[PDB]
Amino acid sequence: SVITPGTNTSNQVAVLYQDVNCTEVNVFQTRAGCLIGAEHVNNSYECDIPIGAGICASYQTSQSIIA
Amino acid sequence: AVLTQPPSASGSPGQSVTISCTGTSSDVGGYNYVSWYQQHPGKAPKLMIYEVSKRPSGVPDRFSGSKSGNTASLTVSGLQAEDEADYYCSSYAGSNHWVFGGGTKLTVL
Amino acid sequence: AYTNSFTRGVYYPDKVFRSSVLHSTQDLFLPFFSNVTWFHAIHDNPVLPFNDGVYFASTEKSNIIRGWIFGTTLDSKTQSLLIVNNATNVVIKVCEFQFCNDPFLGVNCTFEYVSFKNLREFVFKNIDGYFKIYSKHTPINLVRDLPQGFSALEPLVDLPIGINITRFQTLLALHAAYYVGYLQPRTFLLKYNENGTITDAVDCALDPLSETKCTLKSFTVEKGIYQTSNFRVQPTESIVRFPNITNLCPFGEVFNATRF
Amino acid sequence: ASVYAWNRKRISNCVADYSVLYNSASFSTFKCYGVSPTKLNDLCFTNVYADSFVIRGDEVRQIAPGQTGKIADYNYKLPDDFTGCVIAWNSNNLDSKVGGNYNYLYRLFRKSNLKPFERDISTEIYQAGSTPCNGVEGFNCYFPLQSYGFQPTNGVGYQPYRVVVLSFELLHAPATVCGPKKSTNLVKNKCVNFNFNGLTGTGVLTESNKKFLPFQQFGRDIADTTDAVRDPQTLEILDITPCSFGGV
Amino acid sequence: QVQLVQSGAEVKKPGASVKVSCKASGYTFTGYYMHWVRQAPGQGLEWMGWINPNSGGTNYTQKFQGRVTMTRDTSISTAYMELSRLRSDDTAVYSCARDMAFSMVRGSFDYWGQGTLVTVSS
Ligand SMILES: *[C@@H]1O[C@H](CO[C@@H]2O[C@@H](C)[C@@H](O)[C@@H](O)[C@@H]2O)[C@@H](O[C@@H]2O[C@H](CO)[C@@H](O)[C@H](O)[C@H]2NC(C)=O)[C@H](O)[C@H]1NC(C)=O
Ligand SMILES: *[C@@H]1O[C@H](CO)[C@@H](O[C@@H]2O[C@H](CO)[C@@H](O)[C@H](O)[C@H]2NC(C)=O)[C@H](O)[C@H]1NC(C)=O
Ligand SMILES: *[C@@H]1O[C@H](CO)[C@@H](O)[C@H](O)[C@H]1NC(C)=O
Ligand SMILES: *[C@@H]1O[C@H](CO)[C@@H](O)[C@H](O)[C@H]1NC(C)=O
Ligand SMILES: *[C@@H]1O[C@H](CO)[C@@H](O)[C@H](O)[C@H]1NC(C)=O
Ligand SMILES: *[C@@H]1O[C@H](CO)[C@@H](O)[C@H](O)[C@H]1NC(C)=O
Ligand SMILES: *[C@@H]1O[C@H](CO)[C@@H](O)[C@H](O)[C@H]1NC(C)=O
Ligand SMILES: *[C@@H]1O[C@H](CO)[C@@H](O)[C@H](O)[C@H]1NC(C)=O
Ligand SMILES: *[C@@H]1O[C@H](CO)[C@@H](O)[C@H](O)[C@H]1NC(C)=O
């Protein structure tokens with residue numbers, strides 16, 4: 001899966017590899033799969049672009065995709 | 001480089017006889033392309049063994065070839081009177097050249 | 001030397017007119033932002049691999065580059081395609097030419113045909129014996145490197161020569177830099193405008209964003225998460241196992257049996 | 001020509017009648033693939049390739065898609081998506097000599113199989129073994145070409161046969177090679193059954209402002225149907241609008 | 001049925017040359033390599049060389065190089081062997097032997113000619 005803000009804002013993307021471990025494949029391991037390219041932020045926020053298993057992604061701050 | 005072949009091999013009827021054929025490491029011991037020919041007096045030679053141990057069609061199972069090191073061997077089991085003839089070995093010798101052996105007369109004692 | 005291929009190397013996959021449509025096609029294209037070898041013609045005409053097709057581009061001011069040689073040995077022992085353009089006459093031959101140790105031009109044939117400021121890009125590929133030539137000429141004003149932009153190459157010639165081409169060499173006029181790229185079986189989404197001109201393209205294997213654009217058949221992707229492909233680990237080697245029984249089956253005594 | 005050096009003729013910009021060819025009973029083999037001969041004298045092609053060579057009787061069956069043998073592997077290989085016809089006839093009266101005709105050759109040894117429509121006329125020494133040959137014929141270094149006997153008293157399977165393989169390509173382009181028939185006048189703004197270079201359909205032909213490039217001959221819609229054509233006699237672009245229809 | 005028919009016996013003097021022919025029949029002459037072997041009376045076999053009737057290529061053993069010449073005429077399916085600068089110990093029966101391998105030289109002979117006696121007397 002490709003996690004992306006609209007092309008009217010930025011061409012930066014994050015890639016979600018569904019239901020895999022971060023082995024065979026800035027790497028964040030979640031229960032939805034291995035998420036590569038999104039920065040892990042301790043602060044929680046409202047869901048923007050849903051990933052699954054409680055994890056959502058958004059484009060925030062200089063700006064980058066966070067999970 | 002000639003192939004060394006004993007001058008005379010012999011045996012009694014029904015016995016087994018072996019005819020050797022000693023070359024060098026660049027003909028007999030270099031390639032698995034040793035052949036054997038049988039020539040009765042005044043007749044053209046007849047191919048009996050090629051590729052060391054393969055038999056052409058029509059050649060009796062009594063004739064069998066083999067090779068060890070730089071020395072090949074033609075064995076004739078169950079010697080019979082009609083087997084009395086001259087036997088020549090042959091081998092590829094490198095550089096697109098083949099060579100023969102000196103020849104062995106096989107006499108039924 | 002190397003430069004950035006950016007978005008060069010897109011040609012019309014066929015000769016069908018299309019307009020106001022996004023068309024997905026698979027063909028041998030130059031991957032976007034790939035490495036292309038940068039050659040110089042100052043103060044150098046080696047033989048390069050042909051592989052599965054070659055992307056060629058050159059910049060000219062005095063028409064120094066006048067031809068190409070394609071073949072395997074280029075030494076009169078096999079057939080080698082020779083294309084020469086001298087002034088106003090394009091000459092194509094597939095003779096078994098005897099070439100010099102260093103072929104150049106000073107200032108058993110089966111086929112014959114006779115017909116910086118300028119960038120001349122070419123694609124040479126061989127499909128089932130057909131030598132397909134694409135090109136596009138455009139004015140430029142740049143000496144240092146390839147101009148940035150997008151321009152599609154139309155087909156012009158298709159020669160059914162049937163020659164197995166693995167290496168090639170260029171021909172220089174001696175009293176003009178050129179680039180050599182290689183084609184890959186990439187899928188491209190081609191955007192045809194109202195006039196049938198290709199104005200953009202997406203290399204479906206350039207990156208996950210390009211994969212998303214190809215999956216949605218659009219050049220714009222809305223904010224969200226999209227499923228575009230499937231990850232699969234590929235095998236590295238084969239494993240062949242059989243019982244180690246050296247006995248040959250006695251088919252000889254079945255077929256060549258004495259009596260039936 | 002010899003099968004290893006099979007000749008190829010490219011036919012273009014002409015008019016041919018395949019019906020007379022099919023009518024002629026000189027041919028012993030005439031199997032077509034992807035198109036039938038009865039439906040061949042009403043189809044236009046952009047190019048026609050005529051490959052010709054000579055083989056023997058029992059090798060005629062090897063000139064087909066997905067066949068194996070010395071000829072199909074090492075001399076002349078046809079693709080699996082082949083679209084065309086294979087024609088052959090017994091040429092024993094022409095290609096046989098009393099002492100044997102040794103001018104027709106075939107490739108007997110080759111390291112790998114030919115690609116479709118590839119020709120290999122090299123005379124390099126075939127390195128069968130591990131030692132290189134350096135262009136010297138001899139032990140494990142074979143000449144790759146062997147000659148047919150071709151004597152009049154040969155069996156039919158060993159007699160010479162002249163083979164002509166016609167392959168048709170439908171390049172999206174001005175189809176020049178057509179069968180027969182005259183042309184007619186073109187009627188605009190009326191529902192007509194049109195045939196442009198072999199492409200048929202029903203629709204209204206009107207004037208258009210679509211600037212086709214000099215190399216483009218046909219346009220297509222999303223459904224892959226024809227959108228517009230270039231008139232083969234006057235290089236103008238005509239739109240094809242399906243004839244008026246609607247529910248009742 | 002394979003047949004290799006050679007020319008008749010020849011009598012020569014030292015310093016002369018001789019040409020032996022070998023006409024094949026019953027098979028595609030170009031399909032099998034042809035070998036030439038000689039045998040002195042009472043002595044053993046001696047390999048001389050081979051020729052490919054297809055390509056025309058030859059190879060001669062070292063001791064006969066410069067004196068032997070092997071040719072063929074495909075239109076009559078005949079192989080020729082020419083030996084120049086004859087000497088006394090060249091007196092032998094010269095035979096053409098067909099290689100049993102198809103379009104390859106492997107040194108195994110399955111068909112022989114009747115032989116051509118070439119006598120180089122004093
Ligand atoms: C007869 O054959 C010899 C042997 O050639 C060698 O064996 C071949 C199977 C192949 O492997 C060759 O590459 C080998 O060299 C020829 O002698 C060679 O001739 C070449 C000529 O290009 C020469 O480079 C080699 O050095 C030669 N080798 C030797 C050992 O002499 C010879 O030329 C052939 N003669 C004829 C008339 O064909
Ligand atoms: C086209 O030519 C290339 C080389 O010019 C052939 O590749 C060679 O193949 C042989 C075995 O078939 C190998 O031993 C060589 O090492 C290969 N050479 C290279 C440079 O790859 C290729 O096989 C030819 N195509 C066909 C169909 O024969
Ligand atoms: C991935 O593998 C590691 C061991 O290498 C394991 O500890 C981890 O829990 C695995 N991830 C998941 C999601 O199971
Ligand atoms: C995030 O929280 C974890 C504990 O949940 C802590 O170990 C880590 O250091 C924190 N990182 C930051 C940048 O606050
Ligand atoms: C291109 O070349 C540079 C350096 O020469 C290298 O770092 C880069 O990975 C190359 N990229 C490709 C796609 O070959
Ligand atoms: C160009 O080359 C061809 C042969 O390749 C030659 O016949 C011709 O005269 C040359 N010059 C021109 C102006 O065509
Ligand atoms: C060139 O053609 C002749 C026949 O015209 C042929 O004998 C020769 O072998 C060919 N050259 C090569 C390299 O095959
Ligand atoms: C198409 O060409 C016309 C001129 O014939 C031009 O006015 C128009 O802007 C062009 N459209 C595009 C999309 O290039
Ligand atoms: C063929 O049609 C063209 C129209 O483009 C015309 O100019 C030409 O004279 C015609 N030729 C014949 C022989 O009718």
# chains A, B, ... in the order shown; residues from 1 in each chain; ligands from 1
call {"tool": "residues_around", "arguments": {"residues": "residue 16 of chain A", "least_positions_apart": "3", "cutoff": "6 Å", "atoms": "only C-alpha atoms", "output": "MDAnalysis selection string"}}
result
chainID A and resid 1 34:35
call {"tool": "write_last_selection", "arguments": {"atoms": "N, CA, C and O atoms", "output": "mmCIF file, in the first residue's frame"}}
result
data_model
loop_
_atom_site.group_PDB
_atom_site.id
_atom_site.type_symbol
_atom_site.label_atom_id
_atom_site.label_comp_id
_atom_site.auth_asym_id
_atom_site.auth_seq_id
_atom_site.Cartn_x
_atom_site.Cartn_y
_atom_site.Cartn_z
ATOM 1 N N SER A 1 0.844 -1.183 0.000
ATOM 2 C CA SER A 1 0.000 0.000 0.000
ATOM 3 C C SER A 1 0.884 1.238 0.000
ATOM 4 O O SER A 1 1.950 1.248 0.622
ATOM 5 N N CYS A 34 4.794 -3.769 7.757
ATOM 6 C CA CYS A 34 6.034 -3.020 7.902
ATOM 7 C C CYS A 34 5.906 -1.700 7.155
ATOM 8 O O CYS A 34 5.777 -1.685 5.927
ATOM 9 N N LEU A 35 5.937 -0.598 7.900
ATOM 10 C CA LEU A 35 5.748 0.739 7.353
ATOM 11 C C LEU A 35 7.099 1.420 7.174
ATOM 12 O O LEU A 35 7.814 1.656 8.154
#
call {"tool": "residues_near_ligand", "arguments": {"ligand": "ligand 3", "cutoff": "9 Å", "atoms": "only C-alpha atoms and all ligand atoms", "output": "PyMOL selection string"}}
result
chain A and resi 19-23+29-34
call {"tool": "residues_near_ligand", "arguments": {"ligand": "ligand 4", "cutoff": "9 Å", "atoms": "only C-alpha atoms and all ligand atoms", "output": "number ranges by chain"}}
result
A: 40-43
call {"tool": "write_last_selection", "arguments": {"atoms": "N, CA and C atoms", "output": "PDB file, in the first residue's frame"}}
result
ATOM      1  N   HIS A  40       7.946   7.921  12.961  1.00  0.00           N
ATOM      2  CA  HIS A  40       7.169   7.547  14.137  1.00  0.00           C
ATOM      3  C   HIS A  40       7.163   8.674  15.163  1.00  0.00           C
ATOM      4  N   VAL A  41       5.971   9.163  15.497  1.00  0.00           N
ATOM      5  CA  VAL A  41       5.792  10.280  16.417  1.00  0.00           C
ATOM      6  C   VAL A  41       5.059   9.761  17.646  1.00  0.00           C
ATOM      7  N   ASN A  42       5.578  10.090  18.831  1.00  0.00           N
ATOM      8  CA  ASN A  42       4.944   9.639  20.065  1.00  0.00           C
ATOM      9  C   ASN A  42       3.602  10.323  20.304  1.00  0.00           C
ATOM     10  N   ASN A  43       3.439  11.554  19.825  1.00  0.00           N
ATOM     11  CA  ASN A  43       2.202  12.289  20.051  1.00  0.00           C
ATOM     12  C   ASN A  43       1.071  11.716  19.207  1.00  0.00           C
TER      13      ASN A  43
END
call {"tool": "interface_residues", "arguments": {"of": "chain D", "to": "chain B", "cutoff": "10 Å", "atoms": "only C-alpha atoms", "output": "PDB file with C-alpha atoms, in the first residue's frame"}}
result
ATOM      1  CA  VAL D 136      40.312 -25.504 -37.697  1.00  0.00           C
ATOM      2  CA  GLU D 137      38.016 -28.320 -38.815  1.00  0.00           C
ATOM      3  CA  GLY D 138      38.553 -31.760 -37.357  1.00  0.00           C
ATOM      4  CA  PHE D 139      38.079 -33.608 -34.078  1.00  0.00           C
ATOM      5  CA  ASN D 140      35.154 -32.133 -32.116  1.00  0.00           C
ATOM      6  CA  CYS D 141      35.226 -29.288 -34.669  1.00  0.00           C
TER       7      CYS D 141
END
call {"tool": "residues_near_ligand", "arguments": {"ligand": "ligand 9", "cutoff": "9 Å", "atoms": "only C-alpha atoms and all ligand atoms", "output": "ChimeraX atom specification"}}
result
/D:231-235
call {"tool": "write_last_selection", "arguments": {"atoms": "N, CA and C atoms", "output": "PDB file, in the first residue's frame"}}
result
ATOM      1  N   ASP D 231      -8.075   8.645 -45.743  1.00  0.00           N
ATOM      2  CA  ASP D 231      -8.463   8.145 -47.054  1.00  0.00           C
ATOM      3  C   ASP D 231      -7.213   7.758 -47.839  1.00  0.00           C
ATOM      4  N   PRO D 232      -7.109   6.516 -48.321  1.00  0.00           N
ATOM      5  CA  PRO D 232      -5.858   6.071 -48.959  1.00  0.00           C
ATOM      6  C   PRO D 232      -5.532   6.796 -50.253  1.00  0.00           C
ATOM      7  N   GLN D 233      -6.493   7.483 -50.866  1.00  0.00           N
ATOM      8  CA  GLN D 233      -6.260   8.200 -52.114  1.00  0.00           C
ATOM      9  C   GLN D 233      -5.992   9.682 -51.897  1.00  0.00           C
ATOM     10  N   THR D 234      -6.727  10.320 -50.990  1.00  0.00           N
ATOM     11  CA  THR D 234      -6.542  11.727 -50.655  1.00  0.00           C
ATOM     12  C   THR D 234      -6.290  11.823 -49.157  1.00  0.00           C
ATOM     13  N   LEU D 235      -5.124  12.352 -48.783  1.00  0.00           N
ATOM     14  CA  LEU D 235      -4.659  12.259 -47.400  1.00  0.00           C
ATOM     15  C   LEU D 235      -5.386  13.290 -46.536  1.00  0.00           C
TER      16      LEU D 235
END
call {"tool": "residues_around", "arguments": {"residues": "segment 62-68 of chain E", "least_positions_apart": "5", "cutoff": "6 Å", "atoms": "only C-alpha atoms", "output": "PyMOL selection string"}}
result
chain E and resi 82-84
call {"tool": "residues_near_ligand", "arguments": {"ligand": "ligand 8", "cutoff": "12 Å", "atoms": "only C-alpha atoms and all ligand atoms", "output": "VMD selection string"}}
result
(chain C and resid 19 to 20 191 to 199) or (chain D and resid 209 to 213)
call {"tool": "closest_residue", "arguments": {"among": "B:93, B:103, B:29, B:57", "to": "ligand 1", "atoms": "only C-alpha atoms and all ligand atoms"}}
result
B:93
call {"tool": "residues_near_ligand", "arguments": {"ligand": "ligand 5", "cutoff": "8 Å", "atoms": "only C-alpha atoms and all ligand atoms", "output": "list in words"}}
result
residues 1, 2, 33, 34 and 35 of chain C
call {"tool": "write_last_selection", "arguments": {"atoms": "N, CA and C atoms", "output": "mmCIF file, in the first residue's frame"}}
result
data_model
loop_
_atom_site.group_PDB
_atom_site.id
_atom_site.type_symbol
_atom_site.label_atom_id
_atom_site.label_comp_id
_atom_site.auth_asym_id
_atom_site.auth_seq_id
_atom_site.Cartn_x
_atom_site.Cartn_y
_atom_site.Cartn_z
ATOM 1 N N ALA C 1 31.837 9.213 -17.506
ATOM 2 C CA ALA C 1 30.917 10.288 -17.156
ATOM 3 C C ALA C 1 29.471 9.807 -17.212
ATOM 4 N N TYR C 2 28.635 10.354 -16.333
ATOM 5 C CA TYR C 2 27.221 10.019 -16.290
ATOM 6 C C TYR C 2 26.407 11.299 -16.173
ATOM 7 N N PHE C 33 15.190 8.569 -15.059
ATOM 8 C CA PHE C 33 16.285 8.905 -14.150
ATOM 9 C C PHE C 33 17.360 7.821 -14.094
ATOM 10 N N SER C 34 17.427 6.965 -15.111
ATOM 11 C CA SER C 34 18.465 5.949 -15.189
ATOM 12 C C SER C 34 19.806 6.578 -15.572
ATOM 13 N N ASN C 35 20.873 5.799 -15.401
ATOM 14 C CA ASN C 35 22.212 6.242 -15.762
ATOM 15 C C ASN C 35 22.466 5.982 -17.240
#
call {"tool": "residues_around", "arguments": {"residues": "segment 108-117 of chain D", "least_positions_apart": "2", "cutoff": "10 Å", "atoms": "only C-alpha atoms", "output": "ChimeraX atom specification"}}
result
/C:127-130,160-164 /D:4,8,51,65,68,70-82,105-106,119-120,125-128,142-147 /E:103
call {"tool": "residues_near_ligand", "arguments": {"ligand": "ligand 7", "cutoff": "9 Å", "atoms": "only C-alpha atoms and all ligand atoms", "output": "ChimeraX atom specification"}}
result
/C:76-79,96,108-109 /D:121-124
call {"tool": "write_last_selection", "arguments": {"atoms": "C-alpha atoms", "output": "short mmCIF file (atom, residue, chain, number, x, y, z; two decimals), in the first residue's frame"}}
result
data_model
loop_
_atom_site.label_atom_id
_atom_site.label_comp_id
_atom_site.auth_asym_id
_atom_site.auth_seq_id
_atom_site.Cartn_x
_atom_site.Cartn_y
_atom_site.Cartn_z
CA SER C 76 33.53 -8.92 -42.23
CA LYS C 77 32.88 -12.40 -40.81
CA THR C 78 29.17 -11.83 -40.14
CA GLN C 79 26.43 -9.48 -41.30
CA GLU C 96 29.40 -8.13 -44.39
CA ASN C 108 27.17 -10.67 -49.79
CA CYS C 109 24.65 -7.85 -49.37
CA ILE D 121 24.57 -18.04 -42.47
CA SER D 122 27.83 -18.13 -40.51
CA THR D 123 30.48 -20.66 -41.51
CA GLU D 124 32.37 -20.73 -38.21
#
call {"tool": "interface_residues", "arguments": {"of": "chain C", "to": "chain A", "cutoff": "12 Å", "atoms": "only C-alpha atoms", "output": "PyMOL selection string"}}
result
chain C and resi 207-213+215+218-234
call {"tool": "write_last_selection", "arguments": {"atoms": "N, CA, C and O atoms", "output": "JSON list (two decimals), in the first residue's frame"}}
result
[["chain", "number", "residue", "atom", "x", "y", "z"],
["C", 207, "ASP", "N", 8.80, 4.12, -9.01],
["C", 207, "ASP", "CA", 8.64, 4.27, -7.56],
["C", 207, "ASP", "C", 7.20, 3.97, -7.15],
["C", 207, "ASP", "O", 6.31, 3.90, -8.01],
["C", 208, "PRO", "N", 6.94, 3.75, -5.85],
["C", 208, "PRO", "CA", 5.56, 3.50, -5.41],
["C", 208, "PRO", "C", 4.55, 4.55, -5.84],
["C", 208, "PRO", "O", 3.39, 4.21, -6.10],
["C", 209, "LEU", "N", 4.95, 5.82, -5.94],
["C", 209, "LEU", "CA", 3.99, 6.83, -6.38],
["C", 209, "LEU", "C", 3.62, 6.61, -7.84],
["C", 209, "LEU", "O", 2.44, 6.75, -8.22],
["C", 210, "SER", "N", 4.60, 6.25, -8.66],
["C", 210, "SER", "CA", 4.31, 5.95, -10.06],
["C", 210, "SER", "C", 3.45, 4.69, -10.16],
["C", 210, "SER", "O", 2.57, 4.60, -11.02],
["C", 211, "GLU", "N", 3.70, 3.72, -9.28],
["C", 211, "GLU", "CA", 2.87, 2.52, -9.26],
["C", 211, "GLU", "C", 1.43, 2.87, -8.94],
["C", 211, "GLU", "O", 0.50, 2.32, -9.53],
["C", 212, "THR", "N", 1.23, 3.80, -8.00],
["C", 212, "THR", "CA", -0.12, 4.22, -7.65],
["C", 212, "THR", "C", -0.79, 4.91, -8.83],
["C", 212, "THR", "O", -1.95, 4.64, -9.15],
["C", 213, "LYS", "N", -0.06, 5.82, -9.48],
["C", 213, "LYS", "CA", -0.61, 6.52, -10.64],
["C", 213, "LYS", "C", -1.01, 5.54, -11.73],
["C", 213, "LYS", "O", -2.08, 5.68, -12.34],
["C", 215, "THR", "N", -1.77, 2.32, -11.29],
["C", 215, "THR", "CA", -2.89, 1.53, -10.78],
["C", 215, "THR", "C", -4.21, 2.27, -10.96],
["C", 215, "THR", "O", -5.22, 1.68, -11.35],
["C", 218, "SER", "N", -4.32, 7.39, -13.71],
["C", 218, "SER", "CA", -4.44, 8.84, -13.65],
["C", 218, "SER", "C", -3.10, 9.43, -13.24],
["C", 218, "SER", "O", -2.28, 8.78, -12.59],
["C", 219, "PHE", "N", -2.89, 10.69, -13.63],
["C", 219, "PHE", "CA", -1.69, 11.42, -13.26],
["C", 219, "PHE", "C", -1.86, 12.21, -11.97],
["C", 219, "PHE", "O", -0.92, 12.88, -11.53],
["C", 220, "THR", "N", -3.04, 12.14, -11.35],
["C", 220, "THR", "CA", -3.31, 12.79, -10.08],
["C", 220, "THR", "C", -3.79, 11.73, -9.10],
["C", 220, "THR", "O", -4.67, 10.93, -9.43],
["C", 221, "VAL", "N", -3.22, 11.74, -7.90],
["C", 221, "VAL", "CA", -3.60, 10.80, -6.85],
["C", 221, "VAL", "C", -4.17, 11.59, -5.68],
["C", 221, "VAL", "O", -3.48, 12.47, -5.13],
["C", 222, "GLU", "N", -5.40, 11.29, -5.30],
["C", 222, "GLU", "CA", -6.03, 11.96, -4.17],
["C", 222, "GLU", "C", -5.41, 11.50, -2.86],
["C", 222, "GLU", "O", -4.83, 10.41, -2.76],
["C", 223, "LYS", "N", -5.52, 12.35, -1.84],
["C", 223, "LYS", "CA", -5.00, 12.02, -0.52],
["C", 223, "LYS", "C", -5.66, 10.76, 0.01],
["C", 223, "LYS", "O", -6.89, 10.63, -0.02],
["C", 224, "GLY", "N", -4.86, 9.82, 0.48],
["C", 224, "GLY", "CA", -5.37, 8.58, 1.02],
["C", 224, "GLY", "C", -4.35, 7.47, 0.87],
["C", 224, "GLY", "O", -3.20, 7.70, 0.51],
["C", 225, "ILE", "N", -4.81, 6.25, 1.15],
["C", 225, "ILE", "CA", -3.99, 5.05, 1.05],
["C", 225, "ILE", "C", -4.58, 4.15, -0.02],
["C", 225, "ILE", "O", -5.79, 3.88, -0.03],
["C", 226, "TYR", "N", -3.73, 3.71, -0.95],
["C", 226, "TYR", "CA", -4.15, 2.89, -2.07],
["C", 226, "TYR", "C", -3.36, 1.59, -2.10],
["C", 226, "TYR", "O", -2.16, 1.58, -1.79],
["C", 227, "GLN", "N", -4.01, 0.51, -2.50],
["C", 227, "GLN", "CA", -3.34, -0.77, -2.71],
["C", 227, "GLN", "C", -2.98, -0.87, -4.18],
["C", 227, "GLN", "O", -3.87, -0.91, -5.04],
["C", 228, "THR", "N", -1.69, -0.92, -4.48],
["C", 228, "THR", "CA", -1.23, -0.80, -5.86],
["C", 228, "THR", "C", -0.55, -2.04, -6.41],
["C", 228, "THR", "O", -0.56, -2.23, -7.63],
["C", 229, "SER", "N", 0.03, -2.89, -5.57],
["C", 229, "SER", "CA", 0.78, -4.03, -6.06],
["C", 229, "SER", "C", 0.84, -5.09, -4.97],
["C", 229, "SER", "O", 0.12, -5.01, -3.97],
["C", 230, "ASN", "N", 1.70, -6.08, -5.17],
["C", 230, "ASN", "CA", 1.88, -7.17, -4.22],
["C", 230, "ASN", "C", 3.36, -7.48, -4.09],
["C", 230, "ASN", "O", 4.05, -7.68, -5.10],
["C", 231, "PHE", "N", 3.85, -7.53, -2.85],
["C", 231, "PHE", "CA", 5.24, -7.87, -2.61],
["C", 231, "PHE", "C", 5.40, -9.38, -2.66],
["C", 231, "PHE", "O", 4.63, -10.12, -2.04],
["C", 232, "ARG", "N", 6.40, -9.85, -3.41],
["C", 232, "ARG", "CA", 6.71, -11.27, -3.48],
["C", 232, "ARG", "C", 8.22, -11.45, -3.56],
["C", 232, "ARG", "O", 8.87, -10.88, -4.43],
["C", 233, "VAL", "N", 8.76, -12.24, -2.64],
["C", 233, "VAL", "CA", 10.18, -12.57, -2.67],
["C", 233, "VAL", "C", 10.44, -13.54, -3.82],
["C", 233, "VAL", "O", 9.74, -14.54, -3.97],
["C", 234, "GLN", "N", 11.45, -13.24, -4.62],
["C", 234, "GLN", "CA", 11.68, -14.13, -5.75],
["C", 234, "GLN", "C", 12.70, -15.20, -5.38],
["C", 234, "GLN", "O", 13.56, -14.98, -4.52]]
call {"tool": "interface_residues", "arguments": {"of": "chain D", "to": "chain C", "cutoff": "6 Å", "atoms": "only C-alpha atoms", "output": "VMD selection string"}}
result
chain D and resid 116 to 118 172 216 218 to 219
call {"tool": "write_last_selection", "arguments": {"atoms": "N, CA and C atoms", "output": "compact mmCIF listing (two decimals), in the first residue's frame"}}
result
# COMPACT_ATOMS: atom_id res chain seq x y z
N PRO D 116 12.66 -16.64 -33.65
CA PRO D 116 11.74 -16.58 -34.80
C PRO D 116 12.21 -15.59 -35.85
N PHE D 117 12.19 -16.04 -37.11
CA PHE D 117 12.55 -15.23 -38.27
C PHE D 117 14.01 -14.80 -38.25
N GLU D 118 14.87 -15.54 -37.56
CA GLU D 118 16.30 -15.28 -37.56
C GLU D 118 16.99 -16.15 -38.60
N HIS D 172 0.00 -0.89 -38.01
CA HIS D 172 -0.97 0.19 -38.09
C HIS D 172 -0.46 1.26 -39.04
N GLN D 216 0.70 8.04 -39.19
CA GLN D 216 -0.49 7.44 -38.58
C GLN D 216 -1.56 7.24 -39.63
N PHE D 218 -4.65 5.00 -38.79
CA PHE D 218 -5.94 4.72 -38.17
C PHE D 218 -5.99 5.31 -36.77
N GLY D 219 -7.20 5.70 -36.36
CA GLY D 219 -7.44 6.10 -34.98
C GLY D 219 -8.32 5.09 -34.29
call {"tool": "atom_distance", "arguments": {"atom1": "atom CA of residue 136 of chain C", "atom2": "atom CA of residue 187 of chain C"}}
result
21.1 Å
call {"tool": "decode", "arguments": {"residues": "segment 37-52 of chain B", "atoms": "C-alpha atoms", "output": "JSON list (two decimals), in the first residue's frame"}}
result
[["chain", "number", "residue", "atom", "x", "y", "z"],
["B", 37, "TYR", "CA", 40.19, -53.53, -36.04],
["B", 38, "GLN", "CA", 40.40, -57.17, -37.16],
["B", 39, "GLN", "CA", 42.17, -58.01, -40.42],
["B", 40, "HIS", "CA", 42.14, -61.51, -41.87],
["B", 41, "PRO", "CA", 44.98, -62.17, -44.34],
["B", 42, "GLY", "CA", 44.35, -60.58, -47.73],
["B", 43, "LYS", "CA", 41.09, -58.94, -46.61],
["B", 44, "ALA", "CA", 40.22, -55.42, -45.51],
["B", 45, "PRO", "CA", 40.25, -54.65, -41.77],
["B", 46, "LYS", "CA", 36.97, -54.91, -39.87],
["B", 47, "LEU", "CA", 36.01, -52.57, -37.03],
["B", 48, "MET", "CA", 35.41, -54.62, -33.87],
["B", 49, "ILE", "CA", 35.52, -52.00, -31.08],
["B", 50, "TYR", "CA", 35.24, -48.21, -31.09],
["B", 51, "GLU", "CA", 35.25, -45.70, -28.23],
["B", 52, "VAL", "CA", 37.14, -48.22, -26.04]]
